[PDB]
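Here the structure comes first, spelled out in structure tokens, and everything after it is commentary.
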Amino acid sequence: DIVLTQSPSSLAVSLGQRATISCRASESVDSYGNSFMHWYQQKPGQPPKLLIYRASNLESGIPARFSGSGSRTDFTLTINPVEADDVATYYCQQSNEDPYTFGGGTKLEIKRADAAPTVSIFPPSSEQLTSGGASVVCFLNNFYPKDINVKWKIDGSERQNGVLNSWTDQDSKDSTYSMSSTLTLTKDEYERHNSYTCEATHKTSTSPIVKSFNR
Amino acid sequence: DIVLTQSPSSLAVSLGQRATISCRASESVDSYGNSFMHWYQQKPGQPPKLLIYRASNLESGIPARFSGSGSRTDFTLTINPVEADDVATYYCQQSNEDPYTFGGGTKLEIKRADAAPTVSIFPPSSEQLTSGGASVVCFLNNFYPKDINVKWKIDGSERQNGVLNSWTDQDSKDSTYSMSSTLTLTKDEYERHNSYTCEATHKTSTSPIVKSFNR
Amino acid sequence: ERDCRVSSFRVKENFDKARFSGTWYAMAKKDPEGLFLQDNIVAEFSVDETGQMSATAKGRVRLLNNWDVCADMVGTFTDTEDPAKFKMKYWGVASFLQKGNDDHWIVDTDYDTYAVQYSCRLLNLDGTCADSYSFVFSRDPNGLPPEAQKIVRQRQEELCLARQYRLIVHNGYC
Amino acid sequence: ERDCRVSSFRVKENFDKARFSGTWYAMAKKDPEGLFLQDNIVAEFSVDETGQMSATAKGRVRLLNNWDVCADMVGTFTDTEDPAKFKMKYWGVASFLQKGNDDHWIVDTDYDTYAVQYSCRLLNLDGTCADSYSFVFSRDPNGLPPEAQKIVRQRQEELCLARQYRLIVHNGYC
Amino acid sequence: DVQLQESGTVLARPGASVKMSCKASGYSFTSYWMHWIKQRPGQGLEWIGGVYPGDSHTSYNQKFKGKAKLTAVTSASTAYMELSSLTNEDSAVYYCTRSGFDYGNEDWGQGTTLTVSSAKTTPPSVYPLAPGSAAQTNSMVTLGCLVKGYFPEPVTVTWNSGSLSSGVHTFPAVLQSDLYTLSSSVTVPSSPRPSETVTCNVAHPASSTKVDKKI
Amino acid sequence: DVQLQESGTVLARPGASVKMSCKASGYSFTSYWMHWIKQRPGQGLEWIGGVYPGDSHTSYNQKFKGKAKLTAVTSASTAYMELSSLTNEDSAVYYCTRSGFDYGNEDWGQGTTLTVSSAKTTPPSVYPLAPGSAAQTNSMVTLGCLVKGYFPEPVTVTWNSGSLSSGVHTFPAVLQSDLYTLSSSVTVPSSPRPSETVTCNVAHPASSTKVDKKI
Amino acid sequence: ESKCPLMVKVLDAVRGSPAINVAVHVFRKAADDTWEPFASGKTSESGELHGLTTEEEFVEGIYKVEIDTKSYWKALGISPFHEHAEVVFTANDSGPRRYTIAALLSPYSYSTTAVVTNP
Amino acid sequence: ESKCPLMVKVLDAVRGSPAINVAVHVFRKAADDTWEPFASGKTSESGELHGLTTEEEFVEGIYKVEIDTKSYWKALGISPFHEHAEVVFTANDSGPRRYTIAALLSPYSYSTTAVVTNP
Amino acid sequence: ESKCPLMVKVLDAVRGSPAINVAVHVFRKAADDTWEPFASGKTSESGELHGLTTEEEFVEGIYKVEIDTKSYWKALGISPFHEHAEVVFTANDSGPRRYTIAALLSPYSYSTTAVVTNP
Amino acid sequence: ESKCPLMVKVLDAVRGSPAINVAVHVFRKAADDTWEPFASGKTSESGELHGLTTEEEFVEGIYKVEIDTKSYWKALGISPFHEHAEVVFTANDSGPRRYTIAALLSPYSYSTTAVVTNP
Ligand SMILES: CC1=C(/C=C/C(C)=C/C=C/C(C)=C/CO)C(C)(C)CCC1
Ligand SMILES: CC1=C(/C=C/C(C)=C/C=C/C(C)=C/CO)C(C)(C)CCC1
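Protein chains in written order, with the entry's author numbering: chain M, 1 to 215; chain L, 1 to 215; chain F, 1 to 174; chain E, 1 to 174; chain N, 1 to 215; chain H, 1 to 215; chain C, 7 to 125; chain D, 7 to 125; chain A, 7 to 125; chain B, 7 to 125.
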């Protein structure tokens, strides 16, 4: 087959500037006088979206922002002015030679200005204890940059076990980031303590944001 | 009567620029709502030429170059773009009060680029001797600036007596200057020597231009 | 000895559109502000059965510049509370030709040989005329008897306009 | 295995202006350089008594930009030393509509259901076609039997144009 | 317009087999292809093959030749792909997309998720997330929703039957043991709740379970 | 067109008397005035007075009241000015110019020169100015002409009856003793002379003397 | 039926044809500086517009002819710039006359022009 | 300061020179239905009128530019046709555009033209 | 006598009238890139010009219409700027058509314009 | 260096924007009778063509400026009428004047305009 390689895998740039996603090929993708290269926009929790057909011809529905170029084995998807709602992964693909093949894609992220995370913590409801297991939930919403740190403090004691992580791709409107956490204990190991805390460690601040409640 | 005074008496400016000939008055020349001032162009060997009637109204025949202005006791003739053939004397005159009166006029000259004088000397013809008097003529034509200097050398000796001068107003096409000279001796005092010379002293050159001939 | 009040100006009493009607040639004038009939001026007055008086006047004008248009004008005189005084609505046969409405006082005349008109375009603070223009019509373009000139002389001084007249030329341009 | 010489291109023998005449719907094309009938294309062929063949073709074009003009075209085919080969003089009924004269090769057809044309605007150093455009007309805008597609497939590869066809849409814009 | 629907989630045992559908609607089912793309998590996009309904013809990628058997009923207007002797790898989301009878890339289907485990389908468990206070006046309030231990994925989640959409955060999967756990959160003015009925609608097709929990 | 001619030069004895003419031709002799202006050398312009042929009326400047008596024959269409009991001052050029029956400045007459001496009219003396050589080939040559001791002024001087005009220099007056002396010079290609007849035509009305000298 | 002191003609600048179906409206300045409906109409095949008024109805006064340019262009398909073109002049001021206004409207510029004569 | 949003330029077709000291009048179609005054001025020697309104007061809405083509011509002793020339348009509807109204004028004709830019 | 595929009209911009007595000359590009005399004539009272050629003589080809503008203006009295106005187009290229050229000459600028249709 | 004697400016009447990269051709009527090439160029983004000839080689004589209005329009898929627009005039006859040929163009119309200055 032919090899497609996505230059940088992660891609960040400020809202309003240009993008320059690449895609080189093991073989040539051009034939009889053209170029069979294609670009797709695959956003979170959804399937691919066609953008450019034949490394240059735009798709009816896609805005001027995009535009492609290349030949032989060098092509490039151009996004400019990068727009808030364009945060996604961009895969190229060729159809000049069987078998069809795609690129490793590229995650495009946006550069913005920091925002401390809106924290929130909640007490395992009734029926969750009514199972033989404990799980307190804390929400880390709309924050930035990506990297954040959560630590569950249960009676001054840092809990490592029960730690369930989950992050969400950069939003689409305010281009932020969010995480959820939840302390998954036994229902018993819940009634063996009385001070439940969710500490948030983030660069947006020196002092860690602390949300808690007690049994 | 009323007094008319021509600001500068001599007036020089380069071909293509403007002139600003003046004419102030002892009394006011304006009456019932107008101004009775007038401008004339008097070229060499000719009579005055009407230019502007009523310090503002142009005469049919005169070009846009000219134009007047003023009131009360201050008026001004405007020549622009001064033109080669406009070398002359400009007199103003008023007719608001009797008796009529003119101005002292003003000689307008043109600024140009130097040119050494084309010299020429000639031997008193036959009949001039046939009178009882000698006169050798030398012509200093088309030169510039105005000031020049002619010295008659007759046998290395500088002749001062017989010196008859004559200059011509700046030409009209090439805006130059010319002078004639002639050594007026006796017919005898002509046949008492044998080397006749006309030396021309002018800024256009260090070495004086010398034209001569011998008896 | 003061003077120069348009109203003070004395015009001809008992004017007669009739006796006046006919051909008239401009010998001299006084240029008001703005553009104005320059050379070769000639007017033709002529009243009708209803008594209304109108006129036509061929004259040259250097409209714009290098643009010498012999203009064929026309104007209707509305009568005023004075046989002599008038207000002249006008225009040119041709359309682009300055259209207008100015006053018109047949200053004086003797009907058969000379005629002097004054027109005060615009009034002065006190009562002098700022924009003002005039004519000295003659029944004979061939000129005018001194007597007439002599008389004309008077009027002008009376119109506070002595000297201020630029004499008209008749080369037959048109 | 080499190929791509316009003359090498193999067209339909014994064309028949007659049998081909009628309505035809554009299913697919190949965009030459420059502006070109964009969406909603439909042609109407029809020869006359003298044998000459002409046509009309309503199609949309994004002339200029934001300027979407359904264009009503017309073109007269001059016959060539080949019943299949042709030279198309044309123009739009409306005047500003691109006028022109290009070649026209009825590449292939079966007369009743499908039609494939090729037109080589301009030749290549050796003999390939640089500026080149084509169509795949169907008698039924409702589509085309695979067999036909299948056949069309051939032709295109033969015209050295496989894949290069942008499929046409029929929303009824006009 | 070009509608392209797929079949519900698939759950299969290691070594078994499966078949998927993909009804066409809006274009000539015989005038297009229809390929199947495979997309695994930290992986990307792999083409599988495609069918030409009209010729019932087929094109596979040797990497799948012995894994996916594709078919298609013209009349039914649907293409199929059969996954034989499954492993834990073939488990991924498969997309169905139509393709030109000349090019490649155009329309993609919602995509049917595919899990190849041995655990038994366990329906969700929805718990509502309520704060520790009526949540004071006028202060904006964030409600939550907890989806505990379910399997396999996915599990559509929305609020107010989809009315509320702005200010919502639906956190991704997490393998709680051999079960999963998802969380959602909605943020709203102190005005909507509790005045209005705040409802979190969790759906899990895999188990035919629908549940709407108030707040 | 407006022609305005004057009478020939005047020569008068100290204390005598003189009268001048000024025929009008081209305009109504009765509809204009006609003034007499006096212009002395390093002096300028002085209005004298004017006549209204029609009214035979007259306007003088008190400075001349007792010096110039003006008259005018309508029929003859000529105005006159009589200079009584002459001195050496009244000697100057007098110009005649017509004037409007309302304003003041328009047409000037050639102007009649006026000399008031006691010396007796002495006819000119023309001598030709020739170089000291045929004047080589192709080099341009300058010919001259000498007007010796004549009186009073002026003395029109031209070449080839006026053909040759360009490249001519006619030098002004000079009181050789109690006689005058004028010179002229013409510049010509080596081509015109001696092939063609170079002639210098000197004329002195004052003495009814005409002379054309070849070269 | 008779003559027409006023006529309004318009040509389509892009097309190089007559601007057809163009709506027109002329008015007259009343005794209040207002604009009273004098007459309306729309261009024929010719591109012209005849019969608006009469050598009589059409009297002295300042009038206003408003060429509905927008509805021309927009209707065909371009996003014209001028909301509409207008014409205001002093009608039959120095007597009776034949007025003809001509427009050569374009999507982003127009050149109104008129020619007048006698009967 | 910075840059001027809307500007006009007027040319004297007759003499092939700019028409100078020509009055201009810009109004804005108001909430009610009449053109409340928005700005005025005179044509510079350059034949233009820079600095009409600033880059923001020139809000979004309909505008009318009135060029006193009348007095101008009249000034040169010529009786013109149009009582004035106006350009009515909709501006700043979508983002900010650089409006430049130009005019070529003659005694019995005239034409306007607009150019829009962005940065 | 018959129709006329070609008509040439001209209006006097300054005057706001028809440009009368204007000389015109149209040509056709021969087989050498030269300009062969196709037909001449002069504007009538109308300002128009009819009968230059026929639906037949007038054939396909590039033609050139030269409006003698200078001799118009100069004759009247102004020192016009353009030596003369010209018009060149590809005649009856896409079949048969009726061509009408219109000029609105002014002393320092002109605006040629044509409108074409069928019979 | 110094300043540019003759210059051209071309506007796209249709879009209210300058027409860019539009060819221009200036020739000089020669001693014989044909226009020997004098200069050529392309329209800048400013829609003009500065630096045609210098302030002296641009001698005294007849000149013809040829604006390729053709290919331009054609470029935007529109078939125009005129094969090109030219301006033929006499320059530097009396002293030195500053020539500026301007052009407003449409698919079926156009007009040229000239402005002359001095210093
Ligand atoms: C009507 C009329 C007269 C005035 C004519 C004028 C004032 C004409 C001006 C024409 C201009 C200024 C043309 C430039 O466009 C006079 C009293 C002579 C005679 C009586 C009839
Ligand atoms: C005449 C004609 C055809 C070609 C039409 C073309 C090529 C039109 C281009 C129009 C443009 C570019 C309009 C923009 O002004 C085809 C072969 C399709 C059908 C047979 C008749």
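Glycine included, every Cβ here is placed at the ideal spot set by N, Cα and C.
Of the residues the options, the one placed nearest residue i, counting alpha carbons only
i	options	result
residue 36 of chain H	H:110, H:154 and H:169	H:110
residue 150 of chain H	H:203, H:169 and H:168	H:203
residue 36 of chain B	B:20, B:80, B:67 and B:12	B:67
residue 104 of chain N	M:50, M:63 and M:139	M:50
Whole-angstrom C-beta distance between residue j and residue i, which should lie under 8 Å
i	j	result
residue 22 of chain D	residue 87 of chain A	5 Å
residue 84 of chain M	residue 172 of chain M	7 Å
residue 201 of chain M	residue 151 of chain M	7 Å
residue 90 of chain F	residue 74 of chain F	6 Å
residue 171 of chain H	residue 168 of chain L	6 Å
residue 28 of chain C	residue 78 of chain C	5 Å
Under 7 Å from the C-beta of residue i: neighbouring residues of chain A
i	result
residue 111 of chain C	Ordered by position in chain A, no residue passes the 7 Å Cβ test against residue 111 of chain C, which lies about 12 Å from the chain.
Burial state of residue i (16 or more Cβ within 10 Å)
i	result
residue 194 of chain M	exposed
residue 125 of chain F	exposed
residue 117 of chain A	buried
residue 175 of chain N	exposed
residue 76 of chain N	exposed
residue 43 of chain B	exposed
residue 138 of chain H	exposed
residue 200 of chain H	buried
residue 163 of chain M	exposed
residue 174 of chain E	exposed
residue 63 of chain M	exposed
residue 41 of chain N	exposed
residue 165 of chain L	exposed
Beta-carbon neighbours of residue i, restricted to chain C and to distances below 8 Å
i	result
residue 72 of chain E	Those within 8 Å of residue 72 of chain E in chain C number zero; the least Cβ separation is about 14 Å.
residue 87 of chain F	Per Cβ cutoff of 8 Å: no residues; residue 87 of chain F is ~15 Å from chain C at best.
residue 126 of chain D	In the structure as shown, chain D starts at 7 and stops at 125, and residue 126 of chain D therefore has no counterpart that could be examined.
Contact list for residue i against chain A, beta-carbon separation under 9 Å
i	result
residue 78 of chain B	Simply none; closest approach about 15 Å.
Closer than 7 Å at the beta carbon, the chain B residues around residue i
i	result
residue 25 of chain D	Here the premise fails: no neighbours, minimum Cβ distance about 11 Å.
Contact list for residue i against chain N, beta-carbon separation under 8 Å
i	result
residue 162 of chain E	102
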